[PDB]
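A short write-up of the structure that comes next.
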Amino acid sequence: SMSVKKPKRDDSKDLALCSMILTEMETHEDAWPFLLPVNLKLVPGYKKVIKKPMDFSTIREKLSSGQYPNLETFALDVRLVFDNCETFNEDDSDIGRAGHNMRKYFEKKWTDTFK
């Protein structure tokens with residue numbers, strides 16, 4: 001509360017470390033469904049159903065331009081990419097399986113880097 005603060009966690013390396021995680025996600029072989037925004041002209045249903053589209057290129061541009069105020073807003077956009085994938089794709093499809101694999105990969109890197 002006012003003039004009563006918990007001890008200060010060092011957040012000075014968060015930007016560099018989120019960039020490193022994101023590079024590792026970009027270079028995973030199963031990243032291909034997620035590298036670029038879904039083409040809203042060419043994929044029926046996507047625009048109406050997926051209220052907040054997200055992809056790795058869009059996260060990379062936000063990261064590079066100071067649009068994440070803290071590491072939790074970064075994790076929210078990564079998770080959004082996987083939540084959107086599960087909304088639109090069957091679990092038993094190449095893209096469905098890709099999204100489960102990438103989510104697992106992300107969550108481990110996140111825990112090992114920060115928790």
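None of the figures in this text is laboratory data; all of them are computed from the coordinates on show. Neighbour counts are summed over all protein chains in view; Cβ atoms, including those assigned to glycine, are modelled from backbone coordinates with ideal geometry.
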For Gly45: the one exception among (1) at negative phi; (2) in contact (Cβ under 8 Å) with a residue 12 or more places away in the chain: (1)
Answer from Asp91, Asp55 - the residue that is surrounded by fewer than 16 Cβ atoms within 10 Å (Cβ to Cβ) and of a type outside the set (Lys, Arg): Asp91
Residue list for segment 29-41, restricted to those being surrounded by 10 or more Cβ atoms within 10 Å (Cβ to Cβ) and either in contact with an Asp or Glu (Cβ under 7 Å, 6 or more places away or on another chain) or free of Cβ contacts under 8 Å to residues at least 24 places away in the same chain (or both): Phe34, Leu35, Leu36, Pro37, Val38, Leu40
Filter result for the condition that a residue is surrounded by fewer than 10 Cβ atoms within 10 Å (Cβ to Cβ) and either more than 25 Å from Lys115 (Cα to Cα) or in contact with a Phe, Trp or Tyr (Cβ under 9 Å, 6 or more places away or on another chain) (or both), over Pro7, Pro44: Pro44
Cβ pairs under 6 Å, 6+ apart, first in segment 100-115 and in a helix (DSSP H, G or I), second aromatic (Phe, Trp, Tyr): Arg103/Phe82
Candidates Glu61, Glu26, filtered to the one that is without any contact (Cβ under 8 Å) to a residue 40 or more places away in the chain, surrounded by fewer than 13 Cβ atoms within 10 Å (Cβ to Cβ) and either within 24 Å of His100 (Cβ to Cβ) or not hydrophobic (A, V, I, L, M, F, W, C) (or both): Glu61
